[PDB]
Amino acid sequence: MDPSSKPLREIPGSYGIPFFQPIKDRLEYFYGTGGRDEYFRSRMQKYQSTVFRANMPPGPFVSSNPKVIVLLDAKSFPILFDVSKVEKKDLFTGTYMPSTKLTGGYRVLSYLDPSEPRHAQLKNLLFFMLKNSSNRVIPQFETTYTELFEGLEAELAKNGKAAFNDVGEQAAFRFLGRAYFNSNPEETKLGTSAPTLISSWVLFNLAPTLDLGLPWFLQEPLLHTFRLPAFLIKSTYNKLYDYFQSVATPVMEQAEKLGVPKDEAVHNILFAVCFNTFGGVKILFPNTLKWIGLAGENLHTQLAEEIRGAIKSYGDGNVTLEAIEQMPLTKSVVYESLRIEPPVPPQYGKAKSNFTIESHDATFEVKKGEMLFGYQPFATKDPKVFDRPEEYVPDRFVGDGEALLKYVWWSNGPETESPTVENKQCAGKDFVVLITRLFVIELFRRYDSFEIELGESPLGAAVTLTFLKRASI
Ligand code: HEM
């Protein structure tokens, strides 16, 4: 509607009694009926607004300031991408930042504002790492995921069911080592334990804001009130560090050229691969498998046809970037997975000055220093942007629908924009889109269709294969 019809109003909501309310609120957030989605929906209903004040976890001792302004609609949300208006310093994980003792004593790239020289240096370093792996991406993905599928197939044939997540995570890390460093981590001292080592380390970092499914009387006192001692995970972290220090030589050498010490470079590479990359794929691949599986054989047949046809005609028998460009449905399927279920839901930004923001029916004033918070899942399901927003529509982005990519924000920026040293958009944006398309491609080069069953998991979606129809033999 016309902005002149959106009156300037006070931001609804209150923070309540300082120490007390944030604790009561995090209890609602983690144990209230409906979970965090209801935490946000109930407030939207209560205040009849997609913009409101609220306290956010972790609260008290871990976080010195739980107060934020929540943004749930597609009109207000984009302010979080505007680095000229919002500061993005030490807020990668929200209203608190994990101890730097968990990251070699350094404040790694993800926590740096673009105004910091190191942000440009380190992000350029990661761009180098990504470009350097370009020639290995497709071949190594094919090799790694063929191994994964052969394994799942064998498990299914012998047991009747095959859980995806675990072996899928092992495959993800195996692929990353091969693509980024031309190294199979399973041949090193890491063996097949990388996923377990990483998960433990990530837990130490994020425990304050993670719901592990434990009862409140156990989870609150031991995970949500105090930070877990960093010296306890040092041993585990060192195993990971030793791996990267030995295989990331070319990236470490480029780091020196950019003015970054080798040690700092390794800690940042470790973080980018284990935290950013692995953690994201651990969530995205199972979710994508889920949405495609729930779509039915009709979609499966169309994807198989498109994928195999493009490979034969444009790839001359092989998977090439040129071939992928000619797979419109596959591209849309991946974008729809990223829209309907953003792998990383929370984005934060702190106001650098006083300015105005607007929802679909009101105008609000934001004061310098206030923490803005956006819950992406609600914003990318805004009915004023997407028809049937709660439904997975496979071809939503095909043809004219491509214009809607301006509203796909999984990477902390419009899908149409590229990450740069000037913004805080995911450095590996194009890489994740490519590998997720490769995941779908490898799946349909081998199978005509598949069936799954879903389980109740805390960190994402638990997917189990119940049937795999082979394309040949
Ligand atoms: C599909 C998997 C991935 C997802 C869902 C994802 C998501 C995100 C999100 C939401 C942010 C913004 C965080 C914030 O400031 O609030 C981000 C930042 C970032 N991501 Fe990713 N990411 C993925 C894969 C990767 C990969 C593979 C790399 C590369 C090694 C990467 C590197 C980065 C970096 C370096 C930043 C911070 C950039 C900066 O400080 O400007 N990401 N990612």
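Residues numbered from 1 in each chain as written, not as in the entry; some residues may be left out. Heavy atoms only, no water. Residues with missing side-chain atoms left out of burial classes, pairs and counts.

As documented in the archive entry, the model was determined using X-ray crystallography at 1.80 Å resolution.

Draft legend 1. Inspection of the overall build of the protein chain at higher detail. When its secondary structure is counted, the protein chain shows 14 helices and 10 strands. The globule rule puts the C-alpha radius of gyration for 473 residues at 23 Å, and the 22 Å found for the protein chain is close to it. Projected onto its principal axes, the C-alpha coordinates of the protein chain cover approximately 65 × 50 × 45 Å. In the protein chain, the share of contacts with a sequence separation of at least 24, taken over all contacts with a separation of at least 6, comes to 70%. (Helix = DSSP H or I, 4+ residues; strand = E, 2+ residues; numbered from the N terminus. Rg over C-alpha atoms; globule rule 2.2 N^0.38 Å. Contact = heavy atoms within 4.5 Å.)

Draft legend 2. Representation of the site of the ligand within the structure. The environment of the ligand is formed by 27 residues, the closest being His119, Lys123, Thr277, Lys424 and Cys426. Contact between the ligand and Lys123: an oxygen atom at 2.8 Å from a side-chain N or O atom of the residue. Between the ligand and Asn423, the relevant distance is 3.2 Å, taken from an oxygen atom to a main-chain nitrogen or oxygen of the residue. Of all elements in the fold, only α3 (117-159), α9 (262-295) and α14 (429-446) reach the threshold of two or more residues within the shell around the ligand. It is α9 that contributes the most residues to the shell around the ligand, 5 residues altogether. Considering only residue class, the shell around the ligand consists of 14 nonpolar, 10 polar and 3 charged. (Near = heavy atom within 4 Å. Polar contact = N/O pair within 3.5 Å; in protein donor to acceptor, adjacent residues only side chain to side chain. Nonpolar A, V, L, I, M, F, W, Y, C, P; charged D, E, K, R; others polar.)

Draft legend 3. Spotlight on the coordination of the iron atom of the ligand. A lone protein donor binds the iron atom of the ligand: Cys426 (SG), at 2.6 Å. Looking at the element boundaries, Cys426 is found in the loop between α13 (376-379) and α14. (Donors = N, O, S within 2.8 Å, 3.2 Å for Na, K, Ca; no water.)

Draft legend 4. Structural detail: the UniProt feature "binding site: (13S)-hydroperoxy-(9Z,11E)-octadecadienoate" in the protein chain. As annotated in UniProt, the feature "binding site: (13S)-hydroperoxy-(9Z,11E)-octadecadienoate" corresponds to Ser199 and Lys282 in the numbering used here. Taking the farthest pair of C-alpha atoms as the criterion, the annotated set spanning 84 residues converges on one region, since that pair is 10.3 Å apart. Among the structural elements, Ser199 can be located in helix α5 (residues 194-206). Judged by relative accessible area, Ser199 falls into the partly exposed class, the value being 27%. (UniProt positions renumbered as here; feature names shortened; annotations may be inferred. Buried < 20%, exposed > 50% of the residue type's maximum accessible area, 1.4 Å probe, protein only.)

Draft legend 5. Quick look at the UniProt feature "binding site: heme b" in the protein chain. What UniProt calls "binding site: heme b" maps, in this numbering, to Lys88, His119, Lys123, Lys424 and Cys426. Across 339 residues, the annotated set stays spatially compact, with a maximum C-alpha separation of 14.4 Å. With respect to the element layout, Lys424 can be found in the loop between α13 and α14. Looking at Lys424, its side chain comes within polar contact range of the main-chain oxygen of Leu109, at 3.4 Å. Here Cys426 falls in the partly exposed class, since its relative accessible area comes to 27%. With residues near it in sequence (within four places) discarded, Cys426 still touches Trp410, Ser411 and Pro419.

Draft legend 6. Molecular detail of the side chain of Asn412. With respect to the helices and strands, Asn412 occurs in the loop between α13 and α14. The class of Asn412 is buried, set by a relative accessible area of 11%. For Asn412, the side chain forms a polar contact with the main-chain oxygen of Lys424, separated by 3.0 Å. Among residues more than four places away in sequence, those in contact with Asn412 are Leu80, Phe81, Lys88, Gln347, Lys424 and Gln425.

Draft legend 7. Region of the structure containing the nonpolar core. Of all hydrophobic cores here, the largest spans 107 residues; its most connected members are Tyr145, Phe173, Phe181, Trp201 and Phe244. Top element by residues in this core is α9. It accounts for 16 residues. Other than its neighbours up to four places away in sequence, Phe244 contacts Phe173, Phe181, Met252, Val266, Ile269, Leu270, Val273 and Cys274. In this structure, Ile79, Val86, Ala351 and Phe355 belong to the second largest nonpolar core, which totals 20 residues. (Core = buried A, V, L, I, M, F, W, Y, C linked by side-chain atoms within 4.5 Å.)

Draft legend 8. Structural context of the state of the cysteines. On inspection of all chains with the given rule, the structure shows 0 disulfides. Residue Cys274 stays outside any disulfide, its sulfur separated by 15 Å from that of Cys426, the closest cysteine. (Disulfide = S-S within 2.5 Å.)

Draft legend 9. Up close: the packing of helix α10 (residues 297-314) against α14. As a packed pair, α10 and α14 sit with axes 9 Å apart at the nearest point and diverge in direction by 95°. Between α10 and α14, the interaxial angle falls into the category roughly perpendicular. Contacts from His300, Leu303, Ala304, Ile307, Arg308 and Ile311 of α10 reach α14 at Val440, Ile441, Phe444 and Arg445. Looking at the contact of α10 with α14, its residues break down into 7 nonpolar, 1 polar and 2 charged. (Axes fitted to C-alpha atoms, helices over the stretch in contact; angles between N-to-C directions. Parallel < 35°, antiparallel > 145°, perpendicular 65-115°, else oblique.)

Draft legend 10. View of the packing of helix α4 (residues 165-181) against α5. Look at α4 against α5: their axes get within 9 Å of each other, and the N-to-C directions meet at 95°. The angle between α4 and α5 falls in the class roughly perpendicular. Contact residues: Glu169, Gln170 and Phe173 in α4; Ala194, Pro195, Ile198 and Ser199 in α5.

Draft legend 11. Here's a closer look at the sheet that holds strand β5 (residues 346-351). In space, the 5 strands of this open sheet follow the order β1-β2-β8-β5-β3, with mixed pairing throughout. In the strand order of this sheet, the two ends are held by β1 (51-55) and β3 (86-87), each with one partner. Bridge count for β1 against strand β2 (residues 67-71) is 5 bridges, and the pairing is antiparallel. Its bridge partner lying in β2, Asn55 is registered against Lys67. (Pairing = 2+ DSSP bridges.)

Draft legend 12. Seen up close, the pattern of salt bridges. Under the counting rule described, the total for this entry stands at 30 salt bridges. Of the charged contacts in the structure, one is a salt bridge between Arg107 and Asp90, with a shortest N-O distance of 2.9 Å. With a gap of 17 residues between them, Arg107 in the loop between β3 and α3 and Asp90 in the loop between β3 and α3 connect regions that are remote in the sequence. Judged by relative accessible area, which is 27%, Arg107 ranks as partly exposed. Take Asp90: its relative accessible area is 25%, and that puts it in the partly exposed class. Through salt bridges that share partners, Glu147, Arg174, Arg178 and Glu186 make up one connected network. (Salt bridge = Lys/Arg side-chain N within 4 Å of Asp/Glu carboxyl O.)

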